[PDB]
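As structure tokens, the structure follows; a few thoughts come after it.
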RNA sequence: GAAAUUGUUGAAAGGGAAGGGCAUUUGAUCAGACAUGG
RNA sequence: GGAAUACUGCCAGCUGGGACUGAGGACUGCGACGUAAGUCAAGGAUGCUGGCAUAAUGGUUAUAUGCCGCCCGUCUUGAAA
RNA sequence: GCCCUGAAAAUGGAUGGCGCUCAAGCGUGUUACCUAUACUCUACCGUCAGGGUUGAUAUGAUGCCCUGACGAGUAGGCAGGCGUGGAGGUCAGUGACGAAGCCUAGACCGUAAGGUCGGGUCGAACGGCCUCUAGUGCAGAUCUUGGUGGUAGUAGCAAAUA
RNA sequence: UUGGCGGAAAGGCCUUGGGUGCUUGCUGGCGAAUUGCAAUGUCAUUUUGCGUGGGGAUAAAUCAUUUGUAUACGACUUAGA
Ligand SMILES: NC[C@@H]1O[C@H](O[C@H]2[C@@H](O)[C@H](O[C@@H]3[C@@H](O)[C@H](N)C[C@H](N)[C@H]3O[C@H]3O[C@H](CO)[C@@H](O)[C@H](O)[C@H]3N)O[C@@H]2CO)[C@H](N)[C@@H](O)[C@@H]1O
Ligand SMILES: NC[C@@H]1O[C@H](O[C@H]2[C@@H](O)[C@H](O[C@@H]3[C@@H](O)[C@H](N)C[C@H](N)[C@H]3O[C@H]3O[C@H](CO)[C@@H](O)[C@H](O)[C@H]3N)O[C@@H]2CO)[C@H](N)[C@@H](O)[C@@H]1O
Ligand SMILES: [Mg+2]
Ligand SMILES: [Mg+2]
Ligand SMILES: [Mg+2]
Ligand SMILES: [Mg+2]
Ligand SMILES: [Mg+2]
Ligand SMILES: [Mg+2]
Ligand SMILES: [Mg+2]
Ligand SMILES: [Mg+2]
Ligand SMILES: [Mg+2]
Ligand SMILES: [Mg+2]
Ligand SMILES: [Mg+2]
Ligand SMILES: [Mg+2]
Ligand SMILES: [Mg+2]
Ligand SMILES: [Mg+2]
Ligand SMILES: [Mg+2]
Ligand SMILES: [Mg+2]
Ligand SMILES: [Mg+2]
Ligand SMILES: [Mg+2]
Ligand SMILES: [Mg+2]
Ligand SMILES: [Mg+2]
Ligand SMILES: [Mg+2]
Ligand SMILES: [Mg+2]
Ligand SMILES: [Mg+2]
Ligand SMILES: [Mg+2]
Ligand SMILES: [Mg+2]
Ligand SMILES: [Mg+2]
Ligand SMILES: [Mg+2]
Ligand SMILES: [Mg+2]
Ligand SMILES: [Mg+2]
Ligand SMILES: [Mg+2]
Ligand SMILES: [Mg+2]
Ligand SMILES: [Mg+2]
Ligand SMILES: [Mg+2]
Ligand SMILES: [Mg+2]
Ligand SMILES: [Mg+2]
Ligand SMILES: [Mg+2]
Ligand SMILES: [Mg+2]
Ligand SMILES: [Mg+2]
Ligand SMILES: [Mg+2]
Ligand SMILES: [Mg+2]
Ligand SMILES: [Mg+2]
Ligand SMILES: [Mg+2]
Ligand SMILES: [Mg+2]
Ligand SMILES: [Mg+2]
Ligand SMILES: [Mg+2]
Ligand SMILES: [Mg+2]
Ligand SMILES: [Mg+2]
Ligand SMILES: [Mg+2]
Ligand SMILES: [Mg+2]
Ligand SMILES: [Mg+2]
Ligand SMILES: [Mg+2]
Ligand SMILES: [Mg+2]
Ligand SMILES: [Mg+2]
Ligand SMILES: [Mg+2]
Ligand SMILES: [Mg+2]
Ligand SMILES: [Mg+2]
Ligand SMILES: [Mg+2]
Ligand SMILES: [Mg+2]
Ligand SMILES: [Mg+2]
Ligand SMILES: [Mg+2]
Ligand SMILES: [Mg+2]
Ligand SMILES: [Mg+2]
Ligand SMILES: [Mg+2]
Ligand SMILES: [Mg+2]
Ligand SMILES: [Mg+2]
Ligand SMILES: [Mg+2]
Ligand SMILES: [Mg+2]
Ligand SMILES: [Mg+2]
Ligand SMILES: [Mg+2]
Ligand SMILES: [Mg+2]
Ligand SMILES: [Mg+2]
Ligand SMILES: [Mg+2]
Ligand SMILES: [Mg+2]
Ligand SMILES: [Mg+2]
Ligand SMILES: [Mg+2]
Ligand SMILES: [Mg+2]
Ligand SMILES: [Mg+2]
Ligand SMILES: [Mg+2]
Ligand SMILES: [Mg+2]
Ligand SMILES: [Mg+2]
Ligand SMILES: [Mg+2]
Ligand SMILES: [Mg+2]
Ligand SMILES: [Mg+2]
Ligand SMILES: [Mg+2]
Ligand SMILES: [Mg+2]
Ligand SMILES: [Mg+2]
Ligand SMILES: [Mg+2]
Ligand SMILES: [Mg+2]
Ligand SMILES: [Mg+2]
Ligand SMILES: [Mg+2]
Ligand SMILES: [Mg+2]
Ligand SMILES: [Mg+2]
Ligand SMILES: [Mg+2]
Ligand SMILES: [Mg+2]
Ligand SMILES: [Mg+2]
């Protein structure tokens, strides 16, 4: 014997977790985000882009278009905390949005012909509305940027 | 492969080297408490070396656990190894330095077959 | 376009300190345009990044970034306290830092 | 904001200009001070003179060569006040002082560059009327600064060219607002003022 | 010299007992998380609520000695927002703190809670 | 006081050229040789 | 075949000593964590 | 003469931003919302998504930087002396 | 009241330092703000106290578990431990397939004394636990002996005619 | 590419002349996705080494020797194709 054997040793039984009480409640959203509201993406691939909020999804993200034919952004999840909500909005009355949901984006490359139509569908409603108020196409077509003197605790958006 | 345990928190990783063992070679770093009357270390003036005291003691739950999570057990032979058969998810086996290379292939073989972790495999091991 | 900046310019001023003793675990940051603790409350919680260069590569690039969040407000002039995953090198005093717009409550 | 800030020393107050410049450097702002000879110091010339002579009094007894060094020129009289407000015996401070330049007169790179003013160090804004104040260059010359007239001679020459530059510049802004007339009444005009421009 | 004091309001007592209220059971500083704790101890006097304790304190009354003694002394933080003075150890009438500030004890104690 | 330019005469006495050399006897005495071309070009560089 | 001490080689630092504490950049160096259908 | 307003104070009034913490580990307690089935924020963090193995991350070590740090031992009222 | 005179000392010099004149001075008021090893909240180590519990079903009743408070320290006391030579007992312990020692800006464990491992060098002995026992732990004592430095290729190697 | 002006550290400023690229002043037609809900990002700017393609140029200094206007030793100052 090198070391002497312990008098005890513990149990290798894993212990059961205590029963936790935390409900998962629905997420309150910032008053500023009402579907149809243009958005500013602050991070990620598409940062700098000006987009259009579509639906609050149930994984807590935000449905988005912008739409593709203008700024190149497809129908997309985005996180509410990485967005600035600008005070300009488009009328969303004519957009379906019902099909689009959590498992729609479920990870199952070649872009599924399903999606490629859906964008043509959804954006066909948007642009027709975006066309209704002058220069809005140019607006969503541009990228947001901070310029010398811009103070975000002042600037209204 | 081991009991889950909370994050190990070491609380002081540095070594508590004896005062001035940096200064005079004759002074070994093995910690020694300064008994002197004026000693700035003993009186704890700001800027000096921090001394070992009990507040630094490890959490009774994460104490003695190696980074793996196995409190390790010294094993000189296959009989020693086999003390760990039931406690495989608790302890770990450390072959003694003096065990020859033959019994190391032997102890490793039983430890594998028994499902016991050897802390120091690749021990005296050729090629 | 001609300007891609999504962040507010900043400066790493000092650690948190008393007269004779500092605390590297917190950093004091000056933000452009923020002159009062009123204004600095907007940037409370925001993400900061210190951006620096190196020799070796991480992925294909010699550029690396230290990340931290704006924590509270400092004094009457609109300075802000901050804490980074790892403390800033303290050579970094007087070096630019980047205060982003996220997490956004706008 | 701006990579480098040129400050016109004229009509400023030494200790208060030094105080604001020091923080800039410690905070990373590159600075250059021009026309340091037109800088001011509160107190009448005799005082701020005698004050210098006390400074002049102190030198290392056994070797005047290692003692405190008494720099006469206004830029240096200024730099001392500034370097005294920076922790200069450490690496940080050394670096910060490297961010600073000081010149008497206004030498060529900066002579065509835009120069600003530091209101809380400005004399007229700060000092009460009737209080007497010293002009640095004149004091600097009484303690042995040798370059005053040359600086002035070149300053007068520079002021000529700067005058003519400004003459062209203004006359163009005339011809810019002249041709601006029709658009001042244009439709894009009313478009712009609607939003404030 | 060593204390500031005065006359506490209902709130001040209520919020002091609700947040910081503890009680003494065989040494053992015990938080009052349940009236059962109170009743188990102050019950022989009446006082089975936590507001029964509060009442027996503010109204003073017959068992105030033991109702107050039951209460562990209140551990408080420094005043949030400062002490209002430069220097504490001048009397309230002169320089602030250190004395009987009467009704002004409430603004202070509440900020120390 | 600062020195702006210096202009040398076309031909320098060997006594001067001797001053520019530590070891004159073994030097190839390249002297002002390329500088004298400034005259040989008619004018200009000396006159300017 | 230890230490003081010394040679060479390699690495690093160095504006009137050097060594120490906290923290972090940089480099060097070590690690614990990878078996579930092919 | 009828208000308003300031000032001080109370509400077991409603709401927005930031920060640190998640100790415990089946159930036992006290509760609240319930017509009920039951639900909860009620005796301590869970849900969701992503990112990492040429490696993220963590230890050591050298160097740098901010702040700090006088030579121990001894006698002594008092030692860096 | 503030200021001025009164108001003379020896290295150059100190409102701490720059420097400040409707102050960055003096008297007074009012607010915001900065940060102690202190206060409040929580995690962790220890100490002391109180309570539960082998009715059990293994592997410790000196335990296991719940709760509250506390933590400065010289001289000094006590406790719980670390380490060395030898001794009884035991692992039928380790080892020429490499014991001990030594070297390792390599690994792990312990608050610490210390313990453990890899690699190198090595050559014949050696370790764990339970006890016993001491010629049992060093930085000093102008300590003892032995060895080695800086000083330093320096002082010097110039009387006595060559 | 033509001229001017600039010596405070001018090393920059004004100008002619054509050539050529873009232009969001304005009107069209296409593309962007899956980088998957943020971590990833534009490459700046210093020195230095390999290289290739042509342009241009072809020295001294130290040692030893030597002088004494110099000199403790270095140093100084002369001389030698
Ligand atoms: N003391 C334990 C050891 O200390 C070491 O560090 C210390 C000493 O042991 C070691 O001694 C150095 C030595 O490195 C070096 N190669 C030679 C040098 N002479 C010694 O140091 C000595 O030198 C000076 C004169 O130069 C003496 O005046 C003085 O006594 C001492 N500093 O240098 C450090 C300062 O002297 C290491 N940290 C390590 O090996 C171990 O911790
Ligand atoms: N900053 C210097 C100020 O003077 C104080 O110190 C002053 C005193 O020590 C000293 O005063 C001395 C006096 O003691 C002794 N008799 C010698 C000398 N002639 C006097 O000096 C005085 O001269 C006259 C009054 O006599 C005053 O006008 C003058 O200000 C004062 N310095 O003169 C010093 C300088 O004025 C302190 N150093 C400091 O707290 C204060 O701010
Ligand atoms: Mg529970
Ligand atoms: Mg529940
Ligand atoms: Mg740490
Ligand atoms: Mg340790
Ligand atoms: Mg330490
Ligand atoms: Mg050791
Ligand atoms: Mg003492
Ligand atoms: Mg070993
Ligand atoms: Mg941290
Ligand atoms: Mg830390
Ligand atoms: Mg958060
Ligand atoms: Mg870290
Ligand atoms: Mg940490
Ligand atoms: Mg002066
Ligand atoms: Mg200073
Ligand atoms: Mg220095
Ligand atoms: Mg200069
Ligand atoms: Mg002179
Ligand atoms: Mg003189
Ligand atoms: Mg506050
Ligand atoms: Mg105070
Ligand atoms: Mg004050
Ligand atoms: Mg409060
Ligand atoms: Mg409070
Ligand atoms: Mg000629
Ligand atoms: Mg050896
Ligand atoms: Mg050695
Ligand atoms: Mg070496
Ligand atoms: Mg030197
Ligand atoms: Mg030296
Ligand atoms: Mg030092
Ligand atoms: Mg009436
Ligand atoms: Mg009435
Ligand atoms: Mg009110
Ligand atoms: Mg309600
Ligand atoms: Mg837990
Ligand atoms: Mg219930
Ligand atoms: Mg009900
Ligand atoms: Mg009911
Ligand atoms: Mg029920
Ligand atoms: Mg719970
Ligand atoms: Mg996951
Ligand atoms: Mg490191
Ligand atoms: Mg110091
Ligand atoms: Mg003594
Ligand atoms: Mg004595
Ligand atoms: Mg005495
Ligand atoms: Mg004594
Ligand atoms: Mg006496
Ligand atoms: Mg002493
Ligand atoms: Mg005196
Ligand atoms: Mg003074
Ligand atoms: Mg003071
Ligand atoms: Mg002055
Ligand atoms: Mg002065
Ligand atoms: Mg001050
Ligand atoms: Mg005042
Ligand atoms: Mg204020
Ligand atoms: Mg603490
Ligand atoms: Mg007990
Ligand atoms: Mg104690
Ligand atoms: Mg005590
Ligand atoms: Mg003690
Ligand atoms: Mg003692
Ligand atoms: Mg112990
Ligand atoms: Mg023994
Ligand atoms: Mg013996
Ligand atoms: Mg024996
Ligand atoms: Mg034995
Ligand atoms: Mg054997
Ligand atoms: Mg041994
Ligand atoms: Mg080591
Ligand atoms: Mg080996
Ligand atoms: Mg060897
Ligand atoms: Mg061996
Ligand atoms: Mg032998
Ligand atoms: Mg043998
Ligand atoms: Mg032992
Ligand atoms: Mg002995
Ligand atoms: Mg010994
Ligand atoms: Mg010794
Ligand atoms: Mg000694
Ligand atoms: Mg010797
Ligand atoms: Mg030496
Ligand atoms: Mg010799
Ligand atoms: Mg000799
Ligand atoms: Mg002699
Ligand atoms: Mg002789
Ligand atoms: Mg320049
Ligand atoms: Mg040029
Ligand atoms: Mg040139
Ligand atoms: Mg053109
Ligand atoms: Mg001679
Ligand atoms: Mg002679
Ligand atoms: Mg000679």
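So for chain A, numbering is Swiss-Prot's, and the shown residues are 2-109, 128-176, in order.
How was it done? The header gives X-ray crystallography, 3.3 Å.
The backbone N, Cα and C atoms fix where each Cβ goes, and this holds for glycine too.
As annotated by Swiss-Prot, ubiquitin cross-link applies to A:128. Residues annotated as N-acetylserine in Swiss-Prot: A:2. The feature phosphoserine is assigned by Swiss-Prot to A:12, with a large-scale study or a structure entry given as support.
Each residue contributes its Cα atom, and for the residue listed as 'phosphoserine' and residue A:2 (N-acetylserine) these two points are 23 Å apart.
Between the C-alpha atoms of residue A:128 (ubiquitin cross-link) and the residue listed as 'N-acetylserine', the distance comes to 61 Å. Counting every protein chain shown, 10 other Cβ atoms lie within 10 Å of the Cβ of the residue listed as 'phosphoserine'. In this view, residue A:128 (ubiquitin cross-link) is surrounded by 4 other Cβ atoms within 10 Å of its Cβ, with every protein chain counted. Around residue A:2 (N-acetylserine), no same-chain residue at least 6 positions away in sequence has a Cβ under 8 Å from its Cβ. DSSP gives the residue listed as 'ubiquitin cross-link' a coil state; it is part of no helix or strand. With a threshold of 8 Å between Cβ atoms, the recorded positions A:2, A:12, A:128 that neighbour chain B are A:2. In the three-state DSSP assignment, the secondary structure recorded for the residue listed as 'N-acetylserine' is coil.
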